[PDB]
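Enquirer: This is the structure, below, for whatever I ask next.
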4 protein chains.
Amino acid sequence: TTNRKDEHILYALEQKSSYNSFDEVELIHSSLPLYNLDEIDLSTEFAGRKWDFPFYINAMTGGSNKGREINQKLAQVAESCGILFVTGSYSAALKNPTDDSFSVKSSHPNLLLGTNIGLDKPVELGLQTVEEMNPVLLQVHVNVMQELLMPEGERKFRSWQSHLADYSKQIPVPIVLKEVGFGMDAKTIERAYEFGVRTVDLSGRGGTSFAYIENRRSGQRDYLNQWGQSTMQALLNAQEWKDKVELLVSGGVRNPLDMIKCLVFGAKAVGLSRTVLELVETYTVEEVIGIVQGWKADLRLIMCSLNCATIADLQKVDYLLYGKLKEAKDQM
Amino acid sequence: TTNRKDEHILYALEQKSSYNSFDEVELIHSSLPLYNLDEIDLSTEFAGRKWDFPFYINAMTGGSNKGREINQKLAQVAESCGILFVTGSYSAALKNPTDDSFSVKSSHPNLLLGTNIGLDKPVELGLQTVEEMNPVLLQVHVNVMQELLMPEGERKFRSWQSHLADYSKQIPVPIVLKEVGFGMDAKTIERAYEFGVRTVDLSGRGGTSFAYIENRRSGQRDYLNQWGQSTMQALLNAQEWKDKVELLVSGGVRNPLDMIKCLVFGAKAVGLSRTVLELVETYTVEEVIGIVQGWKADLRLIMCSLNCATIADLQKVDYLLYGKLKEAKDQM
Amino acid sequence: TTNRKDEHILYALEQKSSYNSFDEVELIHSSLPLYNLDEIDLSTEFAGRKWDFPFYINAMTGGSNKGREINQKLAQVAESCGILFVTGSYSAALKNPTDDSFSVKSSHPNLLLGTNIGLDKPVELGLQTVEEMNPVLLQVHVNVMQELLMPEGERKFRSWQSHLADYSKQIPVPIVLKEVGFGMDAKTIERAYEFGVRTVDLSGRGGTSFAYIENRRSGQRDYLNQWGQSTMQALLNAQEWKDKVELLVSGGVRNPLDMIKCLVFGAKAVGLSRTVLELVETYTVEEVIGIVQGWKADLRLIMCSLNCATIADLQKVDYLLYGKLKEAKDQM
Amino acid sequence: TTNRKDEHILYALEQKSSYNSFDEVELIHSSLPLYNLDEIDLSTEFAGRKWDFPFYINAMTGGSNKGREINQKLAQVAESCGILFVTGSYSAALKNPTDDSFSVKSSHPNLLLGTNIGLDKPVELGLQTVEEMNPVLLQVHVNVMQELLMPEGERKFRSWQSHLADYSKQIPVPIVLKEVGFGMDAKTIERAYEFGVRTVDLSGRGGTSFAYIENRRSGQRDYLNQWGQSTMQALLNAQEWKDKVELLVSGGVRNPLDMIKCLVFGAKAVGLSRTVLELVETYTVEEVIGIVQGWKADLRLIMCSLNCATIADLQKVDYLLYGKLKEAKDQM
Ligand SMILES: Cc1cc2c(cc1C)N(C[C@H](O)[C@H](O)[C@H](O)COP(=O)(O)O)c1[nH]c(=O)[nH]c(=O)c1N2
Ligand SMILES: Cc1cc2c(cc1C)N(C[C@H](O)[C@H](O)[C@H](O)COP(=O)(O)O)c1[nH]c(=O)[nH]c(=O)c1N2
Ligand SMILES: Cc1cc2c(cc1C)N(C[C@H](O)[C@H](O)[C@H](O)COP(=O)(O)O)c1[nH]c(=O)[nH]c(=O)c1N2
Ligand SMILES: Cc1cc2c(cc1C)N(C[C@H](O)[C@H](O)[C@H](O)COP(=O)(O)O)c1[nH]c(=O)[nH]c(=O)c1N2
């Protein structure tokens, strides 16, 4: 378990992306402005509350000493910046109750803390996770291709739909059905909606790939590294659901313009893993806090240049698609 | 004859592909699964029988000492893995009855063995081939451009249609009209169907090119190396025929995902030559058997990720096309 | 102020363009000609007068010693060639009345001289600018993204629309609403038109980028370097306005064919900054005059090859679009 | 005059093409053949006669010692192979009656000889050309952009239409209106047709460019090197005229497949300059004759692979377009 956690960190950081669907989106700007920078509002709503900011640190780690170190650093960045921080899968702490790598709330009482568990875990373990972590939301992840590429992975999936119904019926905090970089498909969103799920994380291809990661671990099956749908394609494919389900978007988000692009297409908020992980591995925590504060300023200036005074206003922004996104749209 | 056989092997392995149409197909996956890996069924039907697996070793060699060696190795892989193995053209053994390079059945009694002859050969030779080889099916190949690029090649083709009618009327095993990498066109499929042919191998461009090979042998006419239609284009062009004729697909199949892509478009099974030839030239036979067993596991996991419990289910999978395939579809 | 002016010159010249939308436009020529070269007329009309030529030197500099040097050289080229020369923003001279870097008219009495001020400056400063410079027109620039990327930049924009109304009502020379390389959007043109603006400079992306420049100065935010719409995209997006507002076009104009392409789409005239700046930095003033004279000859020969005897005739020329421009047109 | 002729040869051979529109055309082949190679007929009709073969050596040279050498070699290739050979512009021999570089008929009595003159020359000179050369046809070339890029070039074109009417009315051999690599436009074809012209050479962009050549000579104006329409685009744009005017096609023809592609779109015959010039500069005349004989064999084999027994049959061949040709077709 501990070695897998550290290999995930290692190989995620090693990965080099060669395609990012955000680069196939162009926004039509506004030459003549309407607003002052100081009036631009960054707030959004999802999972039963209003949030000051429209981006969050997405599920990564916990379950090893390196995970403990990373989680402490992420918790400090998140608390200081007033943003949501979701830990990696809590399963490691269920198997080893001595594990203190997820225990960041005690020292960070103002932290907005979410946590994460796999849909393969029975609802009893989800309940235990929520009871132990007291999170603001629970991500319930779906990672079929990752499990199948792992020698130690799950092989039976018949129970997952029944599990999802159980989580929806029993978990006392908001649940977010959570992809892991393969891009959540519309049929899955429909099924989740039917079970009562009202928030999803589309987490698509373009950034971290767990096919790449598990294939580095196994040394096999590289031909599957580009499995799934890109982040923008998953978001475009989900448009019919954008007002019935809260769409959180992640996967290859590098910068505030990528965030804005998600919001233009009706995302409620935008998650980052690799970008933030790399920052914490490269700079001091104080420096990372400065960068994240800078992201807020960048969001406001981009919105100002788009004549948008609120996050909701972004959905009115006109755009052009190119390349693969455009070719795919021709077929939809 | 023997030198041509060995040059075919040499130049086929030397060839480097720069375009593969499978890379212009994207499958829409399923984040929320339905099935257990152990319930995924790989069986298919064509040429009058049910097959345990949906891929086969396609026609290559025989007629030289190297061909004998390769055929023994392929027969061992095929028998061990329970898959169809089709020999190269049997004409060499008709011309030289001493040739034992095709005689793999005697030592491999559980082998599913097919064989191959050119449509230029009169039906009497086809009958002799079937009588001598006792195959489960007979591929009857069409290779006009290859013949024309060969100094020793055929120059008269008026008789080929009459030959095809003869084979259809007289051969007592199922016949498969077989392309050799130029991509079987729809008009040919229609004509074949009219004669009573019910199974074809579309074998398109993207993998081994016999224009490339014969042009290496002759040192001339490289400008024809990309003759014909790509494997995916031939398959898409054949869609109107997919339920009146059994479409077998080959040409540039590298891995199990390429196989799955063929099946998504209604192929009954998928043939491999170069990929398997390279494996047998690189690894021990035992190692190749392991790789092929691994392909079965990979097919099941890809199907699981696509929520497909049977081969037939794959035809329901949604997709996106890009690049040349997309541009061509715009014109169809 | 002086250091910013010189950094603008430095970084503008350092910039290397990797995309130019003019290269995605193809003109259908005429094999059989109609006209003599000596009868081709280059005249155009905008901002209340007829001009002998359809290109001009666009706003750049003034406000430093290097700016004084450059402005003297540009004034000599412009006067000798009978073309419009627009200075950079005059704000530096408003803040420092000792500044003589814009004072080129006194030595060049036949110069067609325009000047420039930011829309952030109250109309009283615009009036002072016009009174001091006696220009043939006043460009009023909009540069929101540039201001936001500058540490010393504007942060309040609520007043800009009211300013534009004031300038339209009060300035006694023609005004041109002026982009700075981000590509003026159609909604801005509509708003400007409503206020009484009748001439705009679309100045789009493809040549000098002030995102690139300010980001070089700050060392941050390179992910915004390609902000805005390309020159051709802005021109195509403005087609509904081409006969209600005079469209001047600039941004990445390299040569006379780029000029012709703008005119084919109904521009009244074409502005150049970087190309002319680089010429004056590379060659003697006498040599630059020769090159600019050569541009006139080139315009005539291109028009002759297109069977166009006047600038207006160019709007009848047929064309093909490719790449991004074509993909964007598919979406409009 | 002599130095210009030799510079044309030099720079034409130096040129490297980076785009060839023939590479954006794919032909749908026939897997099941109908015909014998020995029954495939290569004959065609244009300019008042039947021709044994559908390709010709297009206008190049004459007017210098090197031109005399090249013309003797081309005449020997053409006579031996039974194909049309068109000399370069005869104007040099009109200005210098001592010039013997075009005098190839006397030694080659079975030669099919055409000649060439510019439309700028009055009909009296065209008549003198035909009287002196006794050609089977007269190409009358249009090269406006080339003339304009030449320091010694024509500057007055008002007379060209009247000249064309004169040539049509007076010249006693068939006339071919002849482009020089810029791609003859449909409006020109219409005008020519109205004057009585019934054969044109579309000579488009993709091979030799006289913009490139004249710009190498002058050292200026490289930005015009890609002027005009590609060979395939000119041919596609001319489709409405293909049965009212005989379309000869040239420009970047490299090999027999390029020839076939022209014929698929209704060309009567296909011209080659650079390819044949390079052959004569690289190989012995005997070797070039072998290569050209080989082209005939290649045409037959390609036709056989397309189930075409005659040149006319090629117009029934199905195709796919890609890239720029496809994008342009989307706009037509
Ligand atoms: C090191 C590491 C570890 C994990 C992850 C990522 C990384 C980088 N991810 C997946 C993550 O939340 C996200 O879906 C993808 O990484 C895509 O986003 P980025 O491109 O990395 O921003 C993840 N997802 C999840 O739901 N539970 C988890 O425990 C983990 N573990
Ligand atoms: C060495 C070798 C030899 C042969 C072949 C191939 C190779 C590699 N192929 C063609 C083969 O069955 C298939 O159509 C193509 O090779 C395309 O598939 P791959 O891209 O190689 O998988 C072949 N086809 C056939 O019908 N009869 C034959 O005798 C042969 N001979
Ligand atoms: C050195 C320098 C300085 C300035 C500029 C440019 C350059 C190169 N530009 C912007 C200019 O007018 C034009 O909009 C862009 O440069 C795009 O055109 P080019 O691609 O450079 O031809 C400019 N624009 C403006 O309205 N007022 C100004 O003061 C300046 N300053
Ligand atoms: C050395 C040389 C000289 C000439 C030419 C070409 C070359 C290579 N070309 C143009 C020629 O006929 C043809 O239109 C173009 O060269 C395009 O065809 P290729 O791409 O070269 O096959 C030519 N055309 C013409 O009508 N009269 C001429 O005198 C000449 N001169």
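Naming works like this for the structure tokens: A, B, ... for the chains as they're shown, residue 1 at the start of each chain, ligands 1 onward in shown order.
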Residues within 9 Å of ligand 2, counting only C-alpha atoms and all ligand atoms: report them as a VMD selection string.
Expert: chain B and resid 5 to 13 57 to 62 67 86 to 91 115 to 118 139 to 143 177 to 183 201 to 210 250 to 254 271 to 277
Enquirer: Looking only at helix (DSSP H, G or I) from DSSP on the backbone, list the matching residues of stretch 124-180 of chain A as a list in words.
Expert: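 Restricting stretch 124-180 of chain A to helix (DSSP H, G or I) produces residues 124, 125, 126, 127, 128, 129, 130, 131, 132, 133, 144, 145, 146, 147, 148, 149, 160, 161, 162, 163, 164, 165, 166, 167, 168, 169 and 170 of chain A.
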Enquirer: Using Å and a single decimal, report how far atom CA of residue C:20 sits from atom CA of residue C:322.
Expert: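 Spanning atom CA of residue C:322 to atom CA of residue C:20 is a straight-line distance of 11.9 Å.
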Enquirer: Give the residues of chain B that lie within 8 Å of chain D; count only C-alpha atoms, and format the answer as a CSV table (one decimal) with C-alpha atoms, in the first residue's frame.
Expert:
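To be explicit, this is the file written out as part.csv:
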```csv
chain,number,residue,atom,x,y,z
B,142,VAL,CA,-6.6,-11.3,-54.4
B,143,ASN,CA,-3.4,-9.4,-54.9
B,144,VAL,CA,-3.5,-7.6,-58.2
B,145,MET,CA,-1.2,-4.7,-57.4
B,148,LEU,CA,1.7,-6.3,-61.3
B,155,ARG,CA,-0.4,-10.3,-66.2
B,156,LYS,CA,-3.7,-11.7,-67.2
B,157,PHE,CA,-6.7,-11.3,-64.9
B,158,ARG,CA,-9.8,-11.9,-67.2
B,159,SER,CA,-10.2,-15.3,-65.6
B,160,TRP,CA,-10.3,-14.3,-62.0
B,161,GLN,CA,-14.1,-13.7,-61.7
B,179,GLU,CA,-7.0,-9.2,-49.5
B,182,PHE,CA,-4.7,-3.0,-50.1
B,183,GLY,CA,-8.2,-2.9,-48.5
B,184,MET,CA,-11.0,-4.8,-50.0
B,185,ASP,CA,-13.5,-2.4,-51.8
B,187,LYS,CA,-17.8,-3.4,-55.2
B,188,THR,CA,-15.6,-6.5,-54.8
B,223,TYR,CA,5.4,6.1,-55.4
B,224,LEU,CA,2.9,3.3,-55.2
B,228,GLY,CA,-5.2,1.2,-51.5
B,229,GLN,CA,-7.5,1.9,-48.6
B,324,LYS,CA,-8.3,11.2,-42.4
B,327,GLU,CA,-12.4,13.8,-43.4
B,328,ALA,CA,-13.4,10.7,-45.5
B,331,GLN,CA,-17.4,12.7,-48.0
```
Enquirer: Pick out the closest residue to residue C:101 from this set: C:307, C:53, C:2, C:192. Count only C-alpha atoms.
Expert: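 Result for the nearest residue to residue C:101: C:2.
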Enquirer: Which residues come within 9 Å of residue A:265, counting only C-alpha atoms, excluding same-chain residues fewer than 6 positions away, as a list in words?
Expert: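 Neighbouring residues, sequence-local ones excluded: residues 235, 236, 239, 242, 314, 315, 316 and 317 of chain A.
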Enquirer: Among stretch 11-242 of chain D, which residues does DSSP mark as strand (DSSP E) when it is run on the backbone? Keep the chain and numbering as in the structure and answer as a ChimeraX atom specification.
Expert: /D:25-27,44-46,49-51,55-57,84-89,112-118,138-141,175-178,199-201
Enquirer: Could you take the residues named above and write them with C-alpha atoms, as a PDB file, in the first residue's frame?
Expert:
```pdb
ATOM      1  CA  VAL D  25      -6.109  12.579 -53.492  1.00  0.00           C
ATOM      2  CA  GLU D  26      -6.811   8.899 -52.761  1.00  0.00           C
ATOM      3  CA  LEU D  27      -8.287   6.539 -55.380  1.00  0.00           C
ATOM      4  CA  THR D  44      -6.678   9.965 -75.700  1.00  0.00           C
ATOM      5  CA  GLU D  45      -7.987  12.836 -77.848  1.00  0.00           C
ATOM      6  CA  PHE D  46      -7.360  16.589 -77.827  1.00  0.00           C
ATOM      7  CA  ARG D  49      -6.344  14.346 -83.030  1.00  0.00           C
ATOM      8  CA  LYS D  50      -6.080  11.004 -81.314  1.00  0.00           C
ATOM      9  CA  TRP D  51      -2.863  10.433 -79.358  1.00  0.00           C
ATOM     10  CA  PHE D  55       1.177  12.460 -71.315  1.00  0.00           C
ATOM     11  CA  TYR D  56       3.474  14.960 -73.018  1.00  0.00           C
ATOM     12  CA  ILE D  57       6.676  16.928 -72.466  1.00  0.00           C
ATOM     13  CA  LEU D  84       4.161  15.110 -77.845  1.00  0.00           C
ATOM     14  CA  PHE D  85       7.062  17.473 -77.156  1.00  0.00           C
ATOM     15  CA  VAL D  86       6.318  21.198 -76.823  1.00  0.00           C
ATOM     16  CA  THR D  87       9.299  23.573 -76.989  1.00  0.00           C
ATOM     17  CA  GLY D  88       9.700  26.579 -74.746  1.00  0.00           C
ATOM     18  CA  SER D  89       8.651  30.015 -75.976  1.00  0.00           C
ATOM     19  CA  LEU D 112       5.097  15.141 -82.605  1.00  0.00           C
ATOM     20  CA  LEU D 113       6.197  18.737 -82.128  1.00  0.00           C
ATOM     21  CA  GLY D 114       4.355  21.609 -80.500  1.00  0.00           C
ATOM     22  CA  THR D 115       5.630  25.096 -79.823  1.00  0.00           C
ATOM     23  CA  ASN D 116       4.865  28.043 -77.581  1.00  0.00           C
ATOM     24  CA  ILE D 117       4.552  31.847 -77.594  1.00  0.00           C
ATOM     25  CA  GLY D 118       3.415  34.445 -75.048  1.00  0.00           C
ATOM     26  CA  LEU D 138       0.549  26.203 -80.552  1.00  0.00           C
ATOM     27  CA  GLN D 139       0.552  26.926 -76.833  1.00  0.00           C
ATOM     28  CA  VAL D 140      -0.215  30.576 -76.152  1.00  0.00           C
ATOM     29  CA  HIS D 141       1.002  31.251 -72.637  1.00  0.00           C
ATOM     30  CA  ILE D 175      -4.267  26.632 -79.940  1.00  0.00           C
ATOM     31  CA  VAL D 176      -3.862  25.778 -76.277  1.00  0.00           C
ATOM     32  CA  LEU D 177      -4.172  28.594 -73.726  1.00  0.00           C
ATOM     33  CA  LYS D 178      -1.290  27.786 -71.407  1.00  0.00           C
ATOM     34  CA  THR D 199      -8.058  23.439 -75.226  1.00  0.00           C
ATOM     35  CA  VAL D 200      -6.271  24.784 -72.136  1.00  0.00           C
ATOM     36  CA  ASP D 201      -3.340  23.728 -69.953  1.00  0.00           C
TER      37      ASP D 201
END
```
Enquirer: Between A:174, A:82, A:63, A:266, which has the minimum distance to ligand 1 (counting only C-alpha atoms and all ligand atoms)?
Expert: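 With only C-alpha atoms and all ligand atoms as the atom set, the closest residue is A:63.
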Enquirer: Record the distance separating atom 23 (C, counted along the ligand's line) of ligand 1 and atom CA of residue A:111, expressed in Å with one decimal.
Expert: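 Between atom 23 (C, counted along the ligand's line) of ligand 1 and atom CA of residue A:111 the gap is 19.8 Å.
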Enquirer: Do you know which residues are at most 7 Å from stretch 279-291 of chain B counting only C-alpha atoms, after dropping those on the same chain fewer than 6 positions away, and could you put them as a list in words?
Expert: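 The residues that qualify are residues 73, 77 and 81 of chain B.
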Enquirer: Nearest residue to residue A:76 out of A:245, A:125, A:171, A:292, using only C-alpha atoms?
Expert: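 The answer is A:292, which sits nearest to residue A:76.
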Enquirer: Please measure the separation of atom CA of residue B:122 and atom CA of residue D:308, giving the value in Å to one decimal.
Expert: 24.1 Å
Enquirer: Looking at A:41, A:99, A:120, A:190, which one is nearest to residue A:240, with distances taken over only C-alpha atoms?
Expert: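 Smallest separation from residue A:240 among the options: A:190.
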